[PDB]
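Participant: Quick one, data-v9.pdb (PDB, C-alpha atoms and all ligand atoms):
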```
ATOM      1  CA  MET L   1     -18.633-175.631 155.346
ATOM      2  CA  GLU L   2     -19.942-178.826 156.912
ATOM      3  CA  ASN L   3     -23.239-177.612 155.485
ATOM      4  CA  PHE L   4     -22.104-178.618 152.038
ATOM      5  CA  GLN L   5     -21.465-181.781 150.072
ATOM      6  CA  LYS L   6     -19.158-181.418 147.083
ATOM      7  CA  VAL L   7     -20.614-183.501 144.289
ATOM      8  CA  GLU L   8     -17.780-182.771 141.810
ATOM      9  CA  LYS L   9     -15.253-180.229 140.503
ATOM     10  CA  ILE L  10     -16.729-178.150 137.698
ATOM     11  CA  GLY L  11     -13.910-175.756 136.966
ATOM     12  CA  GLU L  12     -11.248-173.286 137.993
ATOM     13  CA  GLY L  13     -10.154-170.081 137.895
ATOM     14  CA  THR L  14      -7.587-167.417 138.669
ATOM     15  CA  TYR L  15      -8.496-167.658 142.351
ATOM     16  CA  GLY L  16      -9.815-171.092 143.083
ATOM     17  CA  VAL L  17     -11.464-174.372 142.154
ATOM     18  CA  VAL L  18     -15.242-174.298 141.789
ATOM     19  CA  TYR L  19     -17.192-177.325 142.924
ATOM     20  CA  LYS L  20     -20.851-178.221 142.542
ATOM     21  CA  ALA L  21     -22.389-179.012 145.916
ATOM     22  CA  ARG L  22     -25.742-179.586 147.545
ATOM     23  CA  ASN L  23     -26.602-177.874 150.797
ATOM     24  CA  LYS L  24     -26.828-180.831 153.165
ATOM     25  CA  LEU L  25     -29.449-178.801 155.017
ATOM     26  CA  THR L  26     -31.581-177.201 152.275
ATOM     27  CA  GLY L  27     -30.803-179.504 149.348
ATOM     28  CA  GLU L  28     -29.965-176.268 147.510
ATOM     29  CA  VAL L  29     -27.438-177.068 144.770
ATOM     30  CA  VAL L  30     -24.707-174.432 144.620
ATOM     31  CA  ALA L  31     -21.377-173.608 143.006
ATOM     32  CA  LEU L  32     -18.814-173.893 145.771
ATOM     33  CA  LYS L  33     -15.657-171.903 145.109
ATOM     34  CA  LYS L  34     -12.583-172.369 147.258
ATOM     35  CA  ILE L  35     -10.390-169.265 146.917
ATOM     36  CA  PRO L  36      -7.083-159.351 153.968
ATOM     37  CA  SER L  37      -9.870-157.518 155.790
ATOM     38  CA  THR L  38     -10.693-155.440 152.702
ATOM     39  CA  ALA L  39     -10.885-158.587 150.557
ATOM     40  CA  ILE L  40     -13.758-159.651 152.834
ATOM     41  CA  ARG L  41     -15.520-156.333 153.220
ATOM     42  CA  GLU L  42     -15.481-155.851 149.458
ATOM     43  CA  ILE L  43     -16.672-159.342 148.598
ATOM     44  CA  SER L  44     -19.463-159.127 151.187
ATOM     45  CA  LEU L  45     -20.714-155.897 149.623
ATOM     46  CA  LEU L  46     -21.372-157.807 146.418
ATOM     47  CA  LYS L  47     -23.675-159.995 148.501
ATOM     48  CA  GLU L  48     -26.059-157.041 148.458
ATOM     49  CA  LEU L  49     -25.567-156.509 144.716
ATOM     50  CA  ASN L  50     -28.454-158.653 143.550
ATOM     51  CA  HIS L  51     -29.805-158.509 139.994
ATOM     52  CA  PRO L  52     -31.394-161.231 137.758
ATOM     53  CA  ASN L  53     -28.425-161.048 135.424
ATOM     54  CA  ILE L  54     -25.763-161.359 138.054
ATOM     55  CA  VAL L  55     -24.963-164.797 139.395
ATOM     56  CA  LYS L  56     -26.031-164.743 143.022
ATOM     57  CA  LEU L  57     -23.402-164.586 145.696
ATOM     58  CA  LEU L  58     -25.448-166.599 148.202
ATOM     59  CA  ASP L  59     -22.817-166.437 150.907
ATOM     60  CA  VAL L  60     -19.156-166.110 151.844
ATOM     61  CA  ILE L  61     -17.505-168.582 154.231
ATOM     62  CA  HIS L  62     -14.099-167.512 155.556
ATOM     63  CA  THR L  63     -13.269-170.518 157.733
ATOM     64  CA  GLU L  64      -9.846-171.456 159.110
ATOM     65  CA  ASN L  65      -8.121-169.074 156.676
ATOM     66  CA  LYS L  66      -9.882-170.936 153.841
ATOM     67  CA  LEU L  67     -12.235-168.772 151.789
ATOM     68  CA  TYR L  68     -15.417-170.154 150.227
ATOM     69  CA  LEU L  69     -17.821-168.328 147.966
ATOM     70  CA  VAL L  70     -21.190-170.040 147.940
ATOM     71  CA  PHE L  71     -22.666-169.042 144.575
ATOM     72  CA  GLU L  72     -25.933-169.844 142.878
ATOM     73  CA  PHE L  73     -25.527-172.735 140.431
ATOM     74  CA  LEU L  74     -25.965-172.422 136.663
ATOM     75  CA  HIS L  75     -25.403-175.499 134.512
ATOM     76  CA  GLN L  76     -23.449-174.062 131.608
ATOM     77  CA  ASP L  77     -20.959-171.287 130.765
ATOM     78  CA  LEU L  78     -20.899-169.213 127.551
ATOM     79  CA  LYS L  79     -17.478-170.476 126.395
ATOM     80  CA  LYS L  80     -18.630-174.098 126.397
ATOM     81  CA  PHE L  81     -21.904-172.899 124.887
ATOM     82  CA  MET L  82     -20.090-171.081 122.080
ATOM     83  CA  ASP L  83     -17.938-174.184 121.642
ATOM     84  CA  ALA L  84     -21.043-176.347 121.448
ATOM     85  CA  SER L  85     -22.208-173.957 118.714
ATOM     86  CA  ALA L  86     -19.062-173.415 116.615
ATOM     87  CA  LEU L  87     -20.663-175.422 113.785
ATOM     88  CA  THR L  88     -23.924-173.508 113.619
ATOM     89  CA  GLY L  89     -23.297-170.478 115.819
ATOM     90  CA  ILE L  90     -25.605-169.068 118.484
ATOM     91  CA  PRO L  91     -28.799-167.775 116.790
ATOM     92  CA  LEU L  92     -28.947-163.995 116.456
ATOM     93  CA  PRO L  93     -32.002-163.574 118.727
ATOM     94  CA  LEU L  94     -30.200-165.444 121.490
ATOM     95  CA  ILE L  95     -27.066-163.387 120.798
ATOM     96  CA  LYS L  96     -29.161-160.200 120.987
ATOM     97  CA  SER L  97     -31.024-161.322 124.136
ATOM     98  CA  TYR L  98     -27.808-162.281 125.917
ATOM     99  CA  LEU L  99     -26.056-159.025 125.090
ATOM    100  CA  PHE L 100     -29.171-157.236 126.273
ATOM    101  CA  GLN L 101     -29.333-159.114 129.611
ATOM    102  CA  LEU L 102     -25.630-158.759 130.351
ATOM    103  CA  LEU L 103     -25.966-155.064 129.534
ATOM    104  CA  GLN L 104     -28.812-154.871 132.056
ATOM    105  CA  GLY L 105     -26.618-156.643 134.579
ATOM    106  CA  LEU L 106     -23.714-154.340 133.819
ATOM    107  CA  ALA L 107     -26.013-151.290 133.910
ATOM    108  CA  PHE L 108     -27.093-152.337 137.411
ATOM    109  CA  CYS L 109     -23.521-152.865 138.646
ATOM    110  CA  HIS L 110     -22.235-149.749 136.933
ATOM    111  CA  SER L 111     -25.037-147.743 138.511
ATOM    112  CA  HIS L 112     -23.666-148.980 141.825
ATOM    113  CA  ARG L 113     -20.100-148.043 140.904
ATOM    114  CA  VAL L 114     -18.980-151.674 140.695
ATOM    115  CA  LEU L 115     -16.960-153.033 137.788
ATOM    116  CA  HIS L 116     -16.392-156.621 136.755
ATOM    117  CA  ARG L 117     -12.998-155.916 135.146
ATOM    118  CA  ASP L 118     -12.480-159.439 133.896
ATOM    119  CA  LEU L 119     -15.386-160.180 131.579
ATOM    120  CA  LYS L 120     -14.958-163.454 129.696
ATOM    121  CA  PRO L 121     -17.267-166.096 128.221
ATOM    122  CA  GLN L 122     -16.395-168.350 131.176
ATOM    123  CA  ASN L 123     -17.823-165.820 133.662
ATOM    124  CA  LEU L 124     -21.051-165.690 131.753
ATOM    125  CA  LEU L 125     -23.324-168.494 132.976
ATOM    126  CA  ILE L 126     -26.506-169.573 131.240
ATOM    127  CA  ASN L 127     -29.484-171.774 132.087
ATOM    128  CA  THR L 128     -32.237-173.565 130.156
ATOM    129  CA  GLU L 129     -34.650-170.733 130.997
ATOM    130  CA  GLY L 130     -32.772-168.521 128.553
ATOM    131  CA  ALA L 131     -31.122-166.069 130.919
ATOM    132  CA  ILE L 132     -27.416-165.317 131.162
ATOM    133  CA  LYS L 133     -25.627-164.095 134.273
ATOM    134  CA  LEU L 134     -22.425-162.260 135.156
ATOM    135  CA  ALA L 135     -20.433-164.617 137.322
ATOM    136  CA  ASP L 136     -17.359-163.966 139.435
ATOM    137  CA  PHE L 137     -17.198-160.189 139.772
ATOM    138  CA  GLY L 138     -13.565-159.748 139.024
ATOM    139  CA  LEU L 139     -11.536-159.134 142.145
ATOM    140  CA  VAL L 140      -4.233-165.058 132.464
ATOM    141  CA  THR L 141      -6.335-164.188 129.370
ATOM    142  CA  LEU L 142      -6.015-160.753 127.739
ATOM    143  CA  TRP L 143      -8.289-161.260 124.736
ATOM    144  CA  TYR L 144     -11.095-159.201 126.216
ATOM    145  CA  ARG L 145      -8.993-156.581 128.000
ATOM    146  CA  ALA L 146      -9.767-152.930 127.131
ATOM    147  CA  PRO L 147      -6.884-150.907 125.630
ATOM    148  CA  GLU L 148      -6.717-148.322 128.448
ATOM    149  CA  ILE L 149      -5.715-151.141 130.786
ATOM    150  CA  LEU L 150      -3.085-152.307 128.301
ATOM    151  CA  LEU L 151      -1.800-148.747 127.902
ATOM    152  CA  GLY L 152      -1.143-148.474 131.613
ATOM    153  CA  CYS L 153      -4.255-146.574 132.749
ATOM    154  CA  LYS L 154      -4.671-147.176 136.481
ATOM    155  CA  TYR L 155      -8.085-145.663 137.086
ATOM    156  CA  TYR L 156      -9.973-147.280 134.235
ATOM    157  CA  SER L 157     -13.748-146.900 134.386
ATOM    158  CA  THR L 158     -16.813-149.050 133.888
ATOM    159  CA  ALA L 159     -16.103-148.616 130.164
ATOM    160  CA  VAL L 160     -13.698-151.556 130.388
ATOM    161  CA  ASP L 161     -16.587-153.992 130.965
ATOM    162  CA  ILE L 162     -18.205-152.616 127.800
ATOM    163  CA  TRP L 163     -15.121-153.183 125.661
ATOM    164  CA  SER L 164     -14.998-156.795 126.963
ATOM    165  CA  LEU L 165     -18.643-157.329 126.294
ATOM    166  CA  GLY L 166     -18.024-155.866 122.848
ATOM    167  CA  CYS L 167     -15.264-158.373 122.222
ATOM    168  CA  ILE L 168     -17.531-161.073 123.582
ATOM    169  CA  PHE L 169     -20.398-159.814 121.414
ATOM    170  CA  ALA L 170     -18.144-160.058 118.339
ATOM    171  CA  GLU L 171     -16.978-163.559 119.293
ATOM    172  CA  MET L 172     -20.545-164.871 119.498
ATOM    173  CA  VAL L 173     -21.338-163.609 116.009
ATOM    174  CA  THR L 174     -18.031-164.664 114.542
ATOM    175  CA  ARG L 175     -17.398-167.912 116.452
ATOM    176  CA  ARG L 176     -13.826-166.761 116.907
ATOM    177  CA  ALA L 177     -12.151-164.474 119.410
ATOM    178  CA  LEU L 178     -11.869-160.931 118.115
ATOM    179  CA  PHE L 179      -8.439-160.125 119.623
ATOM    180  CA  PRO L 180      -6.623-163.305 120.822
ATOM    181  CA  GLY L 181      -3.254-162.036 122.030
ATOM    182  CA  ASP L 182      -0.536-164.211 123.568
ATOM    183  CA  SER L 183       1.190-161.241 125.188
ATOM    184  CA  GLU L 184       0.137-157.747 126.205
ATOM    185  CA  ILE L 185       1.853-156.078 123.287
ATOM    186  CA  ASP L 186       0.444-158.663 120.901
ATOM    187  CA  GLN L 187      -2.976-158.096 122.422
ATOM    188  CA  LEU L 188      -2.612-154.375 121.946
ATOM    189  CA  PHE L 189      -1.184-154.794 118.456
ATOM    190  CA  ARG L 190      -3.990-157.085 117.315
ATOM    191  CA  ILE L 191      -6.379-154.427 118.521
ATOM    192  CA  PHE L 192      -4.171-151.956 116.635
ATOM    193  CA  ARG L 193      -4.164-153.952 113.404
ATOM    194  CA  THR L 194      -7.961-153.798 113.449
ATOM    195  CA  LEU L 195      -9.158-150.535 114.971
ATOM    196  CA  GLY L 196      -6.096-148.615 113.795
ATOM    197  CA  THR L 197      -3.269-147.510 116.066
ATOM    198  CA  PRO L 198      -4.917-144.928 118.339
ATOM    199  CA  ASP L 199      -3.741-141.360 118.391
ATOM    200  CA  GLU L 200      -4.564-138.004 119.873
ATOM    201  CA  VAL L 201      -7.240-137.588 117.191
ATOM    202  CA  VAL L 202      -9.547-140.456 118.012
ATOM    203  CA  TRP L 203      -8.325-140.750 121.566
ATOM    204  CA  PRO L 204      -7.235-137.497 123.223
ATOM    205  CA  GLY L 205      -4.732-138.279 125.941
ATOM    206  CA  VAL L 206      -3.770-141.678 124.529
ATOM    207  CA  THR L 207      -0.277-140.339 123.810
ATOM    208  CA  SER L 208       0.236-139.671 127.510
ATOM    209  CA  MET L 209      -0.884-143.143 128.553
ATOM    210  CA  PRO L 210       1.780-144.761 130.779
ATOM    211  CA  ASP L 211       2.541-147.620 128.408
ATOM    212  CA  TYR L 212       1.963-145.654 125.217
ATOM    213  CA  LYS L 213       4.874-145.855 122.821
ATOM    214  CA  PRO L 214       5.531-143.125 120.221
ATOM    215  CA  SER L 215       7.186-146.016 118.390
ATOM    216  CA  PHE L 216       3.993-148.046 117.896
ATOM    217  CA  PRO L 217       3.565-149.123 114.284
ATOM    218  CA  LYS L 218       0.856-147.113 112.602
ATOM    219  CA  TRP L 219      -1.919-149.459 111.460
ATOM    220  CA  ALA L 220      -4.954-148.105 109.638
ATOM    221  CA  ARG L 221      -8.420-149.019 110.870
ATOM    222  CA  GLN L 222     -10.530-151.606 109.048
ATOM    223  CA  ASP L 223     -14.301-151.601 108.508
ATOM    224  CA  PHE L 224     -16.438-153.553 110.961
ATOM    225  CA  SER L 225     -18.150-155.087 107.951
ATOM    226  CA  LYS L 226     -14.939-157.120 107.776
ATOM    227  CA  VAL L 227     -14.662-157.353 111.560
ATOM    228  CA  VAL L 228     -18.055-158.800 112.455
ATOM    229  CA  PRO L 229     -19.670-160.107 109.281
ATOM    230  CA  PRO L 230     -22.479-160.794 108.834
ATOM    231  CA  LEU L 231     -23.665-158.654 111.742
ATOM    232  CA  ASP L 232     -26.178-156.111 110.463
ATOM    233  CA  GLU L 233     -25.536-152.349 110.468
ATOM    234  CA  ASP L 234     -27.386-151.993 113.779
ATOM    235  CA  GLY L 235     -25.104-154.401 115.581
ATOM    236  CA  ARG L 236     -21.926-153.166 113.900
ATOM    237  CA  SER L 237     -22.869-149.674 115.002
ATOM    238  CA  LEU L 238     -23.352-150.836 118.583
ATOM    239  CA  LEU L 239     -20.132-152.839 118.422
ATOM    240  CA  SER L 240     -18.042-149.942 117.100
ATOM    241  CA  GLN L 241     -19.495-147.772 119.861
ATOM    242  CA  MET L 242     -18.551-150.431 122.415
ATOM    243  CA  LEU L 243     -15.073-150.717 120.935
ATOM    244  CA  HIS L 244     -14.237-147.001 120.893
ATOM    245  CA  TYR L 245     -10.698-146.264 122.000
ATOM    246  CA  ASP L 246     -11.702-143.217 123.984
ATOM    247  CA  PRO L 247     -13.292-144.617 127.179
ATOM    248  CA  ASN L 248     -15.304-141.430 127.652
ATOM    249  CA  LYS L 249     -16.886-141.761 124.258
ATOM    250  CA  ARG L 250     -17.298-145.519 124.664
ATOM    251  CA  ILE L 251     -21.041-146.045 124.912
ATOM    252  CA  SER L 252     -22.403-146.861 128.364
ATOM    253  CA  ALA L 253     -24.398-149.979 129.164
ATOM    254  CA  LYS L 254     -27.415-147.872 130.088
ATOM    255  CA  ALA L 255     -27.153-146.100 126.753
ATOM    256  CA  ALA L 256     -26.486-149.378 124.953
ATOM    257  CA  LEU L 257     -29.781-150.827 126.187
ATOM    258  CA  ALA L 258     -31.469-148.055 124.186
ATOM    259  CA  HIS L 259     -29.697-148.723 120.884
ATOM    260  CA  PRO L 260     -31.996-149.360 117.884
ATOM    261  CA  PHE L 261     -30.342-152.800 117.760
ATOM    262  CA  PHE L 262     -32.324-153.870 120.834
ATOM    263  CA  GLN L 263     -35.576-152.822 119.178
ATOM    264  CA  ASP L 264     -36.627-156.357 118.310
ATOM    265  CA  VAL L 265     -35.131-157.951 121.434
ATOM    266  CA  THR L 266     -36.820-161.082 122.746
ATOM    267  CA  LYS L 267     -35.987-163.748 125.289
ATOM    268  CA  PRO L 268     -35.373-166.983 123.361
ATOM    269  CA  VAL L 269     -34.191-170.056 125.193
ATOM    270  CA  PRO L 270     -31.027-171.956 124.310
ATOM    271  CA  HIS L 271     -30.895-175.697 123.679
ATOM    272  CA  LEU L 272     -28.678-176.869 126.511
ATOM    273  CA  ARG L 273     -26.938-180.241 126.551
ATOM    274  CA  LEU L 274     -26.761-180.971 130.293
TER     275      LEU L 274
HETATM  276  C1  LIG G 301     -18.607-171.574 135.570
HETATM  277  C2  LIG G 301     -18.916-172.896 136.219
HETATM  278  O1  LIG G 301     -17.821-173.319 136.856
HETATM  279  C3  LIG G 301     -20.120-172.907 137.037
HETATM  280  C4  LIG G 301     -20.411-171.985 138.115
HETATM  281  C5  LIG G 301     -21.770-171.652 138.688
HETATM  282  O2  LIG G 301     -22.750-172.333 138.402
HETATM  283  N1  LIG G 301     -21.888-170.582 139.466
HETATM  284  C6  LIG G 301     -20.562-170.092 139.440
HETATM  285  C7  LIG G 301     -20.093-168.858 140.039
HETATM  286  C8  LIG G 301     -18.719-168.468 139.757
HETATM  287  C9  LIG G 301     -17.852-169.266 138.902
HETATM  288  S1  LIG G 301     -16.363-168.387 138.393
HETATM  289  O3  LIG G 301     -16.900-167.355 137.089
HETATM  290  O4  LIG G 301     -16.106-167.683 139.950
HETATM  291  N2  LIG G 301     -14.915-169.137 137.688
HETATM  292  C10 LIG G 301     -14.664-170.574 137.868
HETATM  293  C11 LIG G 301     -14.720-171.314 136.544
HETATM  294  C12 LIG G 301     -13.819-170.690 135.481
HETATM  295  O5  LIG G 301     -13.773-171.416 134.247
HETATM  296  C13 LIG G 301     -14.088-169.189 135.340
HETATM  297  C14 LIG G 301     -14.080-168.453 136.675
HETATM  298  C15 LIG G 301     -18.226-170.595 138.462
HETATM  299  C16 LIG G 301     -19.631-170.904 138.677
HETATM  300  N3  LIG G 301     -21.115-173.845 136.675
HETATM  301  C17 LIG G 301     -20.551-174.478 135.545
HETATM  302  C18 LIG G 301     -21.051-175.628 134.814
HETATM  303  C19 LIG G 301     -20.348-175.970 133.588
HETATM  304  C20 LIG G 301     -19.241-175.158 133.111
HETATM  305  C21 LIG G 301     -18.634-174.131 133.941
HETATM  306  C22 LIG G 301     -19.309-173.833 135.186
END
```
Would you kindly transcribe this structure into structure tokens?
Ligand SMILES: C[C@@]1(O)/C(=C2/C(=O)Nc3ccc(S(=O)(=O)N4CCC(O)CC4)cc32)Nc2ccccc21

Facilitator:
Amino acid sequence: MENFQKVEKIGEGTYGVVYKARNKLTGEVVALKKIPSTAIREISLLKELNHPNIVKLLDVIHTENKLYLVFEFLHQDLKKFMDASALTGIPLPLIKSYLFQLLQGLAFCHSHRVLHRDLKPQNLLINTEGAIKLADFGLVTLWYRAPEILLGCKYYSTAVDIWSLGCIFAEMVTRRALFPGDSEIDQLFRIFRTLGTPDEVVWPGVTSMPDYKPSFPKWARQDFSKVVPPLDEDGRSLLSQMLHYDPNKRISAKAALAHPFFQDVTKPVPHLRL
């Protein structure tokens, strides 16, 4: 801990306040987060989960009951990037690239049976080189929460990350959150008002979901042409497949990387204001 020099607070977090700090020894600029034997074993495992599209968990410093997560440092997050683009919007090639990289990150994690669980634009860090990385692998915002989690499912799968990335994908195209709920029922209902109240037809087993209510209003689905305009048919197809109620039928990241949409994928660089 005495190996670091906090240069300034750069954000916070459901766990802790993240600082920017240079390694007094190596000069290495990092993102210093200041946050249970299992909550140490688990977080140290991630240390071995290295992929280009996953922010690097350089180290973990549990000192004097104070936990510190020394992370690699990226200058900007997606939320502030999307904010800095609300007027023009992020170009489609950058949107495509990003989705593609995150999906490669997710594919890597998912292959290792590790889920993020809390995918948000603020956990997606970008750099001037054009990459995007999955920060803070999730150990107060429901906008991007998959419906199985809202319906009380306790053993939700990797498919939840996909739904979030779907919602995030939509938000980058639309410059507006897809399902901004202020409560869990409002979150669920907004999803309902768009994708149609789920039922045994489109989602076998939904009716047995812990928090499922036979009394849920019955909203009819709406076309994605109205959901994510002006996203082309390729993207809307991928989105709908990422936003499928039935988790089992929800497309995987691995499969998503092979969607015709990613045919013309490139690696454009953003124009960061640092
Ligand atoms: C997200 C971050 O705080 C940040 C971090 C970084 O470079 N590596 C990190 C690794 C993890 C997290 S976090 O996803 O654990 N976290 C804290 C910030 C919050 O808004 C979301 C959750 C923050 C950062 N750099 C910058 C720079 C400008 C905006 C936000 C940030």

Participant: Please determine an axis-aligned box that encloses all atoms of ligand LIG 301 (chain G) listed in the file, with 5 Å added on each side, and express its centre and edge lengths in Å to one decimal as AutoDock Vina command-line options.

Facilitator:
```
--center_x -18.3 --center_y -171.7 --center_z 136.6 --size_x 19.0 --size_y 18.6 --size_z 16.9
```

Participant: Please evaluate the PyMOL selection byres (((chain L and resi 132) around 8) and not hetatm) against the structure above and give the resulting residues as a VMD selection string.

Facilitator: chain L and resid 53 98 101 to 102 124 to 127 130 to 131 133 to 134

Participant: Please expand the PyMOL selection byres (((chain L and resi 141) around 10) and not hetatm) into the concrete residues it hits in this file, giving the result as an mmCIF file with C-alpha atoms, in the frame of the given file.

Facilitator:
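Final file, selection08.cif:
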```cif
data_model
loop_
_atom_site.group_PDB
_atom_site.id
_atom_site.type_symbol
_atom_site.label_atom_id
_atom_site.label_comp_id
_atom_site.auth_asym_id
_atom_site.auth_seq_id
_atom_site.Cartn_x
_atom_site.Cartn_y
_atom_site.Cartn_z
ATOM 1 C CA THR L 14 -7.587 -167.417 138.669
ATOM 2 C CA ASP L 118 -12.480 -159.439 133.896
ATOM 3 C CA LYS L 120 -14.958 -163.454 129.696
ATOM 4 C CA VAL L 140 -4.233 -165.058 132.464
ATOM 5 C CA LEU L 142 -6.015 -160.753 127.739
ATOM 6 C CA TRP L 143 -8.289 -161.260 124.736
ATOM 7 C CA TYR L 144 -11.095 -159.201 126.216
ATOM 8 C CA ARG L 145 -8.993 -156.581 128.000
ATOM 9 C CA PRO L 180 -6.623 -163.305 120.822
ATOM 10 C CA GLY L 181 -3.254 -162.036 122.030
ATOM 11 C CA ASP L 182 -0.536 -164.211 123.568
ATOM 12 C CA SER L 183 1.190 -161.241 125.188
ATOM 13 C CA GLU L 184 0.137 -157.747 126.205
ATOM 14 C CA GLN L 187 -2.976 -158.096 122.422
#
```

Participant: Can you tell me which residues surround segment 197-212 of chain L at a distance of at most 10 Å, considering only C-alpha atoms, apart from same-chain residues fewer than 6 positions away, and format the answer as an MDAnalysis selection string?

Facilitator: chainID L and resid 147:154 185 188:191 218:221 244:249

Participant: Would you mind listing the residues within 10 Å of ligand LIG 301 (chain G), counting all atoms listed in the file, as JSON, numbers by chain?

Facilitator: {"L": [9, 10, 11, 12, 13, 14, 15, 16, 17, 18, 19, 20, 29, 30, 31, 32, 33, 34, 35, 54, 55, 56, 57, 69, 70, 71, 72, 73, 74, 75, 76, 77, 78, 79, 80, 81, 118, 119, 120, 121, 122, 123, 124, 125, 126, 127, 133, 134, 135, 136, 137, 138, 139, 274]}

Participant: What is the atom CA of residue 174 of chain L-atom CA of residue 88 of chain L distance in Å, reported with one decimal?

Facilitator: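 Those two atoms sit 10.7 Å apart.
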
Participant: Figure out the distance between atom CA of residue 97 of chain L and atom CA of residue 267 of chain L, please, to one decimal in Å.

Facilitator: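 Rounded to one decimal, the two atoms are 5.6 Å apart.
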
Participant: Written as number ranges by chain, what is the full residue list that the PyMOL selection byres (((chain L and resi 225) around 12) and not hetatm) yields on the file shown?

Facilitator: L: 170, 174, 194, 221-224, 226-237, 239-240
